[PDB]
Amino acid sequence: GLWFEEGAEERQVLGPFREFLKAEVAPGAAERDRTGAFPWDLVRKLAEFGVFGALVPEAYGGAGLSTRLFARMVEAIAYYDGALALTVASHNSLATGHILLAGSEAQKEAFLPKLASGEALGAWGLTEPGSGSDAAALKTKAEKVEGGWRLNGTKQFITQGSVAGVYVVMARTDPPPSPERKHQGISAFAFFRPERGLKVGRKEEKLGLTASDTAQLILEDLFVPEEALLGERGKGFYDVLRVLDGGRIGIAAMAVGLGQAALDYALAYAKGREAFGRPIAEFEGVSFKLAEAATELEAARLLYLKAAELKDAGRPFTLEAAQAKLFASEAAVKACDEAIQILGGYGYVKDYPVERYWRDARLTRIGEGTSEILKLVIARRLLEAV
């Protein structure tokens, strides 16, 4: 198999994985989108495929898979269930990926094994009501007290926020030297679900990804031990950036999966549905949409595979991960909107899955860095190289 194709090893894993997804995940996707019922049943089963500890090395109880293979597994999941894919992508990339990145040997031995097994799902709290793109503008604070820390603040839109067993939260431990350096003085804290000090806010009704747990977290004089400190004090934001680079590859894979599903459905539909004495696929008004979407999704897949490769190769991939997520999310939503158009009135009804594909994919242009933010990251990298 050529680089861009699934290798022998990849398809031996992805083949049965896809079969499992078709039989156990696809059937309840439409219902979960309506009820928002978290798939505790599927989490248990996916954990067995090492899906919840995919990048965690076996030494800590993980699957030790590569970024490339995991990215493809996320795309396969998203194809059948967007919410589940966000659940998997975020769990692995943010909470887990952050502990794997800055955690001390002791912290990794304590947290990784439980995250990797699905026993403890990971929530990663960066965003707050008053800051999203400008993440370093967070107001949560961590006061140094006898024996550890006391945290106070609110996190917004945290996935796995209400179902998490392990929480990673960013808070200011020191004042910034200047306003343009507010990213300094921020630290990260890793801890197990507190018995008190952490309450979840009102559930969030979302446009899509209904079964994905997203919640507001309110920390009230929450005490965490000295061992909670993750990474160097005051330099937590630097780790956040690194963590976000990795997560963007997964979100890009997620976008591609939803777009492909929408494209596959519109293709099949256009081939069967007929108008004016022939399949509507025979009208360029329809076929051109399919051709453009397919071309962009393929380009998007190549981009995320490339970004995954650079990471697996221990090489910088900030620019490449930003480009993949930006291109994939934009192309995927576009493809999904066109699939809706192609199905006509049926694209507007919940009896068919394309309207859901669009609603689910739509978040990919917002989460882990809006398209606008990513264009800034890309341009900056391009400009300093000049």
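Each residue number is its position in the shown sequence, starting from 1.
Stretch with the greater mean C-alpha B-factor as recorded in the entry, comparing 59 to 67 against 317 to 325
Mean B over CA atoms: larger for 59 to 67.
Of 240 to 248 and 106 to 114, the one with larger mean CA B-factor
Stretch with the greater average CA B-factor: 106 to 114.
Identity of residue with top Cα B-factor, from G125, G285, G82, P194
Each of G125, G285, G82, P194 was compared by C-alpha B-factor; the highest is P194.
If you check the C-alpha B-factor for each of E292, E298, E75, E119 in the entry, which is highest?
By C-alpha B-factor in the record, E119 ranks first.
Relative C-alpha B-factor of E355, binned into the chain's lowest, middle or highest third
Answer is lowest: the recorded C-alpha B-factor places it there.
Is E48 in the lowest, middle or highest third of its chain when residues are ranked by C-alpha B-factor?
Highest third, going by the recorded CA B-factors of the chain.
Third of the chain's Cα B-factor distribution that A171 belongs to, per the entry
For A171, the deposited C-alpha B-factor lands in the middle third.
Chain-wide C-alpha B factor ranking for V25, given as lowest, middle or highest third
According to the entry, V25 has a C-alpha B-factor in the chain's middle third.
Based on the deposited C-alpha B factors for this chain, I'd like to know if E338 is in the lowest, middle or highest third.
Bottom third by C-alpha B-factor.
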